[PDB]
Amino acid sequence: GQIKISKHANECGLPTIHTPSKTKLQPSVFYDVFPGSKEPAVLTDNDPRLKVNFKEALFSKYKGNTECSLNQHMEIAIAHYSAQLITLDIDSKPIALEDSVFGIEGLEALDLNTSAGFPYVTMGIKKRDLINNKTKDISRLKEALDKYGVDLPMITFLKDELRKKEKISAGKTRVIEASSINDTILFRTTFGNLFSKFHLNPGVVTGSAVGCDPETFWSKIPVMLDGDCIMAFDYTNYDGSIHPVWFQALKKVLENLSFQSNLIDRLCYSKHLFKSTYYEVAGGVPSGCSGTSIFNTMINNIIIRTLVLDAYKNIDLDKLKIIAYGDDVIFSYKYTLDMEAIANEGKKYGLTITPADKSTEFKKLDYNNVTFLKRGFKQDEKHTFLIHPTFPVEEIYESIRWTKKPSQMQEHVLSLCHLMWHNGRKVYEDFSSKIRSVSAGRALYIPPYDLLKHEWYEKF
């Protein structure tokens, strides 16, 4: 991604936006009970913890684009991925405004708690003021679409969340680039049936895990991804590193499904508003907004195919099975490929890819050490076709030590329990006892292991 334009907002017909510079994260009642070293992310230039300039850190996400063109290997990649997708017989017709608001089969209802974006943020107008959920009345929304129109700047919010210590010093706090409700409605209106089909068919034909429930989906992964060689790897700054050429490739895949392509240009060449700065960037996917997860997944599908083609002169793409969730990816081939060779092919395109899970070098992977959506794989000891999604124990301890809303510790703890029991019985009873080593913890309800185990079985 490359900042092409950076000017004062008032010079480009726009107001200054006011960023909350104060974390809601506060030490929880379990802070001293569990070990950890994560702290709330930096949200101001005035921050004792900093050791770098803050403004530079936020925008280094946009390093620049390499010189490259849509090559032959990409052309084969889009043809191959498109044939898979033509198999699903997706309806390329648009959906109705009411269905984009209140949801359809496969496409859940619009979240009414996320911000409505520009210009509503400037005048206190929230999503619930435009859309009434009990009346199902959306008169104000219709009024607001005609009035303010379409193709509005994305407001960039700092992400108030826990980070590792190293990332506090270096100013590495993440960003979300939230689109106006007017634009998310427009993308849902045009691409709604695409998103729907993807959500109902997670797996190796869509090549996506978007919308999946890992509690059931994990058992299905090892049958979809057959073939001896299990592969995965990490991307450094996936969103911001995606060259325009992958957006071109994406548009062609959508055209092969009979959708219009024009709207993807608004993600590739995007408009942004941070504080008092209007800026435009070429390349990069805007992190976390208008149907972003699905397009990121489709791009990853094009990238994996393309990189494997670049690395291996002889490959059968039909046996290259791929499951992606944005930048997260797990995949397989019918015999052993070299992850390091495939990784090296990313450099010419401006992609930086390294060994999976912070690993020092590329190592062979199977189901005892492979990770997807941060989760390992662990079979049930009785019914070995039922696979537990294993969540990392350290992240759970880290999360429970902090809170944005102390009155909701019960809900926070329930979330962590559903994650933790998969790791094992003994580990879960250890977590439970430590919670209950303190007054506030004894007061909370903790689901018995056997409750969780049978809720899980009564789910297949």
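When you see a residue number, it is the position in the sequence shown, counting from 1.
The PDB entry reports B-factors from which the mean C-alpha value can be compared for 410 to 418 and 64 to 72; the larger average falls on 64 to 72. When the mean C-alpha temperature factors of 79 to 87 and 106 to 114 are read from the deposited coordinates, 106 to 114 comes out higher. Looking only at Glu429, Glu56, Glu394, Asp32, the residue with the top Cα B factor in the deposited structure is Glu56.
Residue set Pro202, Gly227, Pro389, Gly283: peak C-alpha B-factor at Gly227 (per PDB entry). Per the PDB record, residue ranking by Cα B-factor puts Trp218 in the lowest third of the chain. Ranked against the other modelled residues of its chain, the C-alpha B-factor of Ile353 as given in the entry falls in the middle third. Ranked by Cα temperature factor within the chain, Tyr269 sits in the lowest third according to the deposited record.
For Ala440, the recorded CA temperature factor ranks within the lowest third of the chain's modelled residues. Annotation for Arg425: CA B-factor lies in the middle third of the chain's modelled residues.
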